[PDB]
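Working notes for the structure below.
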Amino acid sequence: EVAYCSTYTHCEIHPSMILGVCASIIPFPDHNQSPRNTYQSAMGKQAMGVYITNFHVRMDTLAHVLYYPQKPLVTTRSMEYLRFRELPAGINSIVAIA
Amino acid sequence: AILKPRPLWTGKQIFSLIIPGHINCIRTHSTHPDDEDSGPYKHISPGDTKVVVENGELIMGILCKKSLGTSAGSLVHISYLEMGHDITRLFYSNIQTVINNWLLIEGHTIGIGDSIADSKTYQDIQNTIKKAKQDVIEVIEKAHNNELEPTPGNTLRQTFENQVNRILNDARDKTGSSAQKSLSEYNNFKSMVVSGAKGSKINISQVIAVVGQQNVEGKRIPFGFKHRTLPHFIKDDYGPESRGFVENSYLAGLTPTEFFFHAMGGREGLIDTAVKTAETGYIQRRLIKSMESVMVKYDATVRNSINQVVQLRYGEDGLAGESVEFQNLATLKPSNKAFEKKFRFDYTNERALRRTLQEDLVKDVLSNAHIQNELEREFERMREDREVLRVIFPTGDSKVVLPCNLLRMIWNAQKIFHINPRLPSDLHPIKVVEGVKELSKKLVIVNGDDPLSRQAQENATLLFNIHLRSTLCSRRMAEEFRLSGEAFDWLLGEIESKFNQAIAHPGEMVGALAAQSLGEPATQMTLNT
Amino acid sequence: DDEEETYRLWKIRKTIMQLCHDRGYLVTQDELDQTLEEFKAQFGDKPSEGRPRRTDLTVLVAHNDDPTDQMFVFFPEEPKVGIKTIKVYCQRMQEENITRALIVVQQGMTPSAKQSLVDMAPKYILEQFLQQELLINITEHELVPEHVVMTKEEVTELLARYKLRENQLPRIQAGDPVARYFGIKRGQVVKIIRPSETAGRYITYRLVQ
Amino acid sequence: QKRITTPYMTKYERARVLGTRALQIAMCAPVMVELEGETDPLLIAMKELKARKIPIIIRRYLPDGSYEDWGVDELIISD
Amino acid sequence: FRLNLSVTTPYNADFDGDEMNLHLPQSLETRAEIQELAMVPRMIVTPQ
Amino acid sequence: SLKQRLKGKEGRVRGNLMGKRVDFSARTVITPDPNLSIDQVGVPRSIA
Amino acid sequence: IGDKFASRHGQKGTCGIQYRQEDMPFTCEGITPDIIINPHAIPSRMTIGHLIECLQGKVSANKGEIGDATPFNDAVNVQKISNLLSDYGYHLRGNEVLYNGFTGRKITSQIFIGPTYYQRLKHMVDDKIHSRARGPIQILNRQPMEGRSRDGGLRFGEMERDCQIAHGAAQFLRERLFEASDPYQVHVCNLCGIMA
Amino acid sequence: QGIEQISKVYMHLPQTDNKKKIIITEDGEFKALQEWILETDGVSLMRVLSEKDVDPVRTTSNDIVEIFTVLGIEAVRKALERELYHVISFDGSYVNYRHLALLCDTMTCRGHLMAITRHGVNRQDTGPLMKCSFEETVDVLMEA
Amino acid sequence: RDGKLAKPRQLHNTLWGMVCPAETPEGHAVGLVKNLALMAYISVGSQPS
Ligand SMILES: [Mg+2]
Ligand SMILES: [Zn+2]
C-alpha cells in the first residue's frame, strides 16, 4: 500500500508474550491503569490455593490449602501452559457493585 | 412543603432539622456558572445553586464538599465556631446516619453504561484526533526543509518540541470538551466528580476519550535503542505514535507498543513514591528537634529553653491560630470618590439621613453641631487609616486573616432582634462613635499603663482596629445595617468576649506545633518538579 | 576612560552624604540631591589628568548636638594602602584634633595595615570601607527594614520594663553591612521597625555583640 | 498587688486542677457541694468547679524568678 | 477495631488491612488530662 | 566495650532512655461501623 | 470479618460485616450476591478491566463456554459482548433490578451485578491481634520483655514523644515512659550527690 | 562585557501581578503595569546592583547567603520568609503565618544563619545532658 | 538497595520482550529485581573454534 516500511526482516509470533508469569493471569490487562497491573502481580503471589499435589507427605511449615478451588470463567490463552487449570487458587463469586 | 393532593416533604426540609442552633452561611456549589451572578436571576437559583443556610435552615442550594467538607468557612466550621464542640459532634453523627439510611432507599452504583458515549460523540472525537495527527506531520516535514527559526534562549529542537506539546495539549482539551458535554444526568461518574467524594475530571477523559501522553524524566519517551524507541519503528522518526501519545482510551483497550509506554510512565510514579517517603521521615523529624524548646511564657513572650527571647508577642500579634478567619478590610481598595461616598456620613443632603434615621435624632444632631464636628473628625481618622493601609499592603489584596468574623456577627444580630430593614428605625449616630471608642479601649494584649508599653499595645491591635472602625463606620451602619439600640449592646458585648478568649494560652509548646506544621507541606510537595 | 570615572565619584559621594546624615551629622540640604552635571561643574569635568584628584573630594562634618566632635573621610590614591600612608592621615588627624575618621579604600588594603588600625583603640577610631560597597545605598533596599540606634538611657528602660537582662536579647554581630553603615560598637542596642500582616507594625531589638 | 498575669484559667491549669481534686475525693476527702446520687470521683470534681468551690491555690512562676498565687475562686473559668 | 469514617481523614487511614495501636491511661490525673485536652471532639479545627 | 555499649542507635541512650517498649497496648485491624459516634471506638471482648 | 480478599485487578480489601441470606438484596428470581463492593473504588484508579470480566463472565455462565481474555485480541469489543447478552433475556449492560432485603421495596437505581474471580490472601486476623498488661520483664534492665503468650509491648518511639509534647500532656508523657516502663527507687545522700 | 559570575540572562514581561509593577494611580486605584525583566544563571549581586539602568531598590536573589553577604540579617529573615512561602504555595496549599515567622525567627535569632542541621544546632552550648543524646556522648561527658 | 539514583531503576526501551514490564515489587527494591518474559531464553555458551 502506501505503507510505513517495505523491508521488514522479521515478524512477531504473538505480542502477548511480553508479559511475565504472574502478570499473564490478568484478564484484559490492556484496559487498566498501569500501576494497577503492578500491584496484582505482586499480590497473586500470596493467594491461598493448593500449592502441590503431594501435600500429604510434605511436612512443610506454614502451609495453607483451600477446600474448593475453581478455575476461572474468563481465561487468558497463556494459562494452559503454566497449569492454572489444574492447581487453581480462587473461586468465582457473584459480585454486586452497590 | 406540599399539603393538598398528597403530603410530601422535601430533602432540604428534612436536612434543615440536622443543622443545629441558628447559624448563618452562604456558599456555592461546583457547577455554579460564572456568568450567572452578574445579570438577572441572582437570587433565584435556576440550577438551584448558591447555598444559603439562613437562621438555621437550608433555604436553597445543592450541597457538596464545598459546603460540608474540609475548607474554611464551611457549615461544619461555622457550627464549630458558634455553637461549640459537643454540638458539632452530634452534627457529624446525624448527617451520616440519616443520609446512609436514605441511601439504601435511593441506592448507587457504577456500571459501564456509566462509562460509554453515543456514536455522534465518538465520531466527532475521532475526526479531531485525525486532524491533530496530520498537523504534527506538517510540522515534522518543514523542520527537515529548514524553515524554522529558533527563539532566543531556544535551539531548533526545543522550539519544535514546545510547539508539539502545545498541539497535544490543545487536542486533549478538545477531546475533554467533546466528552464532558456528552455526560448525562443519571450518570454516576459525573455524580461522583461533582459531589467531591472521589474522582477528578481527567479520569473521565482517560476512561472515555484519550489516556494522554506519557513521559519519563520530564520529557517525551526517549530513544532507548539507537534512533528508535522499540524495534518496530523506523530510525530518525519523530511522530506522535512513535514516542508515546496514547490515542485510545481505557475502554477501547491499548495496542502493545502503547501498553509498554503506559507501563513506563506508571513505573516512574511508583519509584517517586518510595523515594519521597524516605525523605519525609528525616527533614521534618530533624526540624522538630531543633525548634522543640520554644514556648509561650507567662509574660506572653515566646522564649527558648535558655530563656533567651525569640519573639516578644506570639505570631507578632499575640493570638492562637485556632480561632481566626478570613476577612476583608474594604478601605484600601476603592477610589477616592467612592470612599467619600460610602464612609463620609455627610449630613449636607438632609434627606438621605432623614430616610435612614429617626427624624428627631437627625434634627438634634444637626442643631448640636458638636455632633457634626465629631463625625467629620471620625471621617478624617478613617482617611488616615486608609493611607496607613495603602502602605502595609503595597500590592492591592484585601484577604486578611483576623479574629471574629464581623459581617457574620452583624448578620446574626439582625435576626436575634428581628431587624426590619424596611423602616428608618433609630441609632443615635454619636452612641456608635462613643462605643467604638470604649470597646477599643477595653481589649488589652500588652497589659501596661507605662508610655513605653502603651506604644507596644497601640502597635499590636492596629490592623484589627483599622478593620473594626472600617466596618464600624457610622454611615455604613445607619444605612445598610439599620440596628436597634438593644442590638448594639449585644453586638459590642460579644466582640469583646471573642477577642478576650482568642488570646494565645500561656504554656502551649509552640515550637513543636510549628515544626510539625512546617513538616506538613514538606511532605505533600513534589519530589522533582 | 573618565566618563565612567566621573560618574562613580559623584555616586560614591552622594552615598556618603547620606551615611553621615544618618549618623546624626549636619549636612546641608542641597548636598544630598547634588545632580551629576552640578558635580561635574564644581569639582571638575574629569579626574583622568583632571582637577578631581581623589583629593579635593574629602569631607569634614560636625555633629548636630555638638560642634566639637567632627568626622573626616579620606579617599586614598593608591589601589592598595600601605603603612605610613594611614599614618600620613593619623598625622592629619593629630594636627586638626579630630578622632572620627573614615577611609574610602580604592581596591584593597594590606595585612600589615590591618594590624596598624586595630592598635589605636582609645583614640583615633577609623573605619575602613571599600569603593565598591559605597556605590549603592543598601538602606533603601526593599528587604532591609528601618534601624534606629537607642541612647544608653533608653536601653535601661527596656531591661527594666520587660524585666530582662542584656544577655537575653537577640544578637547581631558587628560585621554585617548595616552594623557598619551605622558605626556600631559592641554593647549597643539597635531598634528595628518593620510592618507585618497580622498586627500592622512590630518593633524588635538587637544586641550588637 | 502587681499582678501582671491573665485573669483567665488557662487550658492546662483546668486539666490539672480537675485531676488532682478528683484524686483527693477518691481517698475520702470531704466534698464541698450537695451532690445528688453522684458516685464518679471525676464527675463530682467537675461540678465543684462549676460552683467555684475547689480549695486549691495556683502558683504561677514568672520567668524572672518571681511568682504570684491565684485562688481558683478568683479566676474566670475558660469553658 | 471499629471507628467512624469521619475520623479516617486525620489518621490517613483506609480499611484494607491497616493496624492501629491503642494505649490505655492508668492513673486518674492522666485520664482527666486526656479528657480535658485531647478528645476527638476538641480537635475538629486545626491550628496549622 | 563500654563505648560500644553506650554508643548510638540501639545503645543505652538512643535505645533505652528515649525510645522504650511500653506495656498496656493492643493493636487490632480496623473495619467500619457507621453506627458509632465520632467520640467512640468499638473494642472486641477478648482485648477488653 | 477481618480477613483480606482481593480481585485480579489490584483491589484488596478486608471484610466489613456478614449478612444472612434473608437480608441481602435479591433479584426478581432469588439470586443474592456473595460479595458487595463499593462503587467508589472504580473512578479514582480506573480499573475498567474489572468491569468487563464480570460482563463477559455473565455470558459464559449462560452459554456454557469459557470466555477469552487474551490482551491484544481486537476481536472482542464491548459491543460484541453486549449484543450477545441481550439474547439470553438480560439488560445489555449487566444492570438488574434489585429488591431491598429488609423491607422488600424496589431500589430506585439498577445495580450492576455479575460473576467475578476472587482470591483469598494470606493475611488473616487471627494472627495479628495481641495485647500486653503487666507482663514478664527482663532481668538486667527490667524492661518489658516478650513472654510465652507471644505478646510483648508496643514501642513508644521518638515521633510519639513529640505529639504528646505539642499536646501539652505532661502527666501522660511521664506515665508512658517511667511508670509503665521500669519504675525504680534509689537512695541519695544530701551533702554529696552519691547513692547511699 | 558583563559580569563574570552571570552566565545567561533572559528577558520577559509578566502576566500575573506578582511580577508586574503595581502603581496607585491619580484617582487612587491599584494599576498593574507589564515590565521586561532579566533573570540570570549565576549570581553576583554587588556588581549588578552597582550598574546603571538597574533598579537598586527591588533587586532580589534567591541565594540567602549572598543576601546575608550584601544586605544584612533582617533581609535574610524577610527573604527567607518569602522563600518558604514561595515553595509552600506553589501546589495551592496554605500554611498559617505564625509557623513561618517562628521558624524564620528562630533560624536567624543569634545573629548568623543557624542552619537546621548537625552543625547549626550542635553549636548551641546547652547543658551537658542534652548534647550526649546527640552523637558525641562520652566526649561531652568528659569535657563537662 | 537504597541508592536514590533513578537511572538504574527506570524502565528502559531495550527490555521489550525479554523482561516483564509490569511485574516488580514496591518499597525500597523498586526496579532492582525483575522477572523475565515467557519466551525469553538465556544462552549457555560454546567454543569459537
Ligand atoms: Mg491502606
Ligand atoms: Zn555523702
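Letters for chains follow the order of the C-alpha cells (A, B, ...), residue numbers begin at 1 for each chain, and ligand numbers begin at 1 in the order shown.
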(request) Determine which residues of chain A sit within 7 Å of chain G, taking into account only C-alpha atoms, and present them as a PyMOL selection string. (result) chain A and resi 16+26-33+36-37+39-40+46-48+72-77+89-98
(request) Could you give me the residues within 10 Å of ligand 2, counting only C-alpha atoms and all ligand atoms, as a ChimeraX atom specification? (result) /G:188-196
(request) May I have all residues of chain H that DSSP, computed from the backbone, assigns to alpha helix (DSSP H), given as a ChimeraX atom specification? (result) /H:45-49,64-70,74-88,97-107,118-121,128-131,137-143
Residue subset to file, keeping C-alpha atoms, as a PDB file, in the first residue's frame:
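Result went into part25.pdb, see below:
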```
ATOM      1  CA  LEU H  45      24.746  40.662  43.370  1.00  0.00           C
ATOM      2  CA  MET H  46      27.078  43.513  44.302  1.00  0.00           C
ATOM      3  CA  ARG H  47      28.223  44.204  40.752  1.00  0.00           C
ATOM      4  CA  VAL H  48      24.652  44.014  39.434  1.00  0.00           C
ATOM      5  CA  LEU H  49      23.209  46.473  41.961  1.00  0.00           C
ATOM      6  CA  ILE H  64      20.129  33.736  51.040  1.00  0.00           C
ATOM      7  CA  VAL H  65      23.819  33.533  51.988  1.00  0.00           C
ATOM      8  CA  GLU H  66      24.502  36.099  49.270  1.00  0.00           C
ATOM      9  CA  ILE H  67      21.783  38.379  50.632  1.00  0.00           C
ATOM     10  CA  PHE H  68      23.415  37.757  54.014  1.00  0.00           C
ATOM     11  CA  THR H  69      26.674  38.962  52.479  1.00  0.00           C
ATOM     12  CA  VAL H  70      25.243  42.037  50.750  1.00  0.00           C
ATOM     13  CA  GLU H  74      16.889  41.330  58.613  1.00  0.00           C
ATOM     14  CA  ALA H  75      16.889  40.924  54.834  1.00  0.00           C
ATOM     15  CA  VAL H  76      17.540  37.192  55.262  1.00  0.00           C
ATOM     16  CA  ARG H  77      14.714  36.984  57.782  1.00  0.00           C
ATOM     17  CA  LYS H  78      12.353  38.543  55.272  1.00  0.00           C
ATOM     18  CA  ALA H  79      13.783  36.940  52.119  1.00  0.00           C
ATOM     19  CA  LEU H  80      13.760  33.591  53.917  1.00  0.00           C
ATOM     20  CA  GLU H  81      10.114  34.033  54.944  1.00  0.00           C
ATOM     21  CA  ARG H  82       9.355  34.859  51.300  1.00  0.00           C
ATOM     22  CA  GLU H  83      11.181  31.755  50.034  1.00  0.00           C
ATOM     23  CA  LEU H  84       9.359  29.349  52.374  1.00  0.00           C
ATOM     24  CA  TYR H  85       6.095  30.998  51.355  1.00  0.00           C
ATOM     25  CA  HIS H  86       7.144  30.543  47.735  1.00  0.00           C
ATOM     26  CA  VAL H  87       7.685  26.780  47.999  1.00  0.00           C
ATOM     27  CA  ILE H  88       4.643  26.071  50.189  1.00  0.00           C
ATOM     28  CA  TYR H  97       1.861  32.681  59.118  1.00  0.00           C
ATOM     29  CA  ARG H  98       2.752  32.084  62.790  1.00  0.00           C
ATOM     30  CA  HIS H  99       4.697  28.984  61.781  1.00  0.00           C
ATOM     31  CA  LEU H 100       6.810  30.574  59.052  1.00  0.00           C
ATOM     32  CA  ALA H 101       7.520  33.514  61.356  1.00  0.00           C
ATOM     33  CA  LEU H 102       8.550  31.199  64.198  1.00  0.00           C
ATOM     34  CA  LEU H 103      10.859  29.099  62.022  1.00  0.00           C
ATOM     35  CA  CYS H 104      12.434  32.087  60.291  1.00  0.00           C
ATOM     36  CA  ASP H 105      12.655  33.916  63.637  1.00  0.00           C
ATOM     37  CA  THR H 106      14.388  31.002  65.394  1.00  0.00           C
ATOM     38  CA  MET H 107      16.743  30.227  62.496  1.00  0.00           C
ATOM     39  CA  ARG H 118      24.018  18.932  62.945  1.00  0.00           C
ATOM     40  CA  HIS H 119      26.405  21.875  62.541  1.00  0.00           C
ATOM     41  CA  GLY H 120      23.946  24.630  63.392  1.00  0.00           C
ATOM     42  CA  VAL H 121      22.148  23.273  66.433  1.00  0.00           C
ATOM     43  CA  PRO H 128      25.760  18.520  79.136  1.00  0.00           C
ATOM     44  CA  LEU H 129      22.899  16.008  79.377  1.00  0.00           C
ATOM     45  CA  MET H 130      21.351  17.261  76.128  1.00  0.00           C
ATOM     46  CA  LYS H 131      24.416  17.057  73.894  1.00  0.00           C
ATOM     47  CA  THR H 137      28.089  11.204  74.316  1.00  0.00           C
ATOM     48  CA  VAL H 138      31.307  10.306  76.126  1.00  0.00           C
ATOM     49  CA  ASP H 139      33.358  13.268  74.829  1.00  0.00           C
ATOM     50  CA  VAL H 140      30.776  15.793  76.011  1.00  0.00           C
ATOM     51  CA  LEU H 141      30.548  13.949  79.329  1.00  0.00           C
ATOM     52  CA  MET H 142      34.328  14.019  79.833  1.00  0.00           C
ATOM     53  CA  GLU H 143      34.836  17.669  78.916  1.00  0.00           C
TER      54      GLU H 143
END
```
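Proximity to chain A at a cut-off of 10 Å picks out residues 15, 16, 17, 18, 19, 20, 21, 22, 23, 24, 25, 26, 34, 35, 36, 37, 38, 39 and 40 of chain I on chain I, counting only C-alpha atoms.
Of the listed residues E:32, E:13, E:7, E:43, the one whose atoms come nearest to ligand 1 is E:13, with distances taken using only C-alpha atoms and all ligand atoms.
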(message) Using only C-alpha atoms and a distance of at most 10 Å, pull out the residues of chain C that contact chain D, as number ranges by chain.
(response) C: 162-165
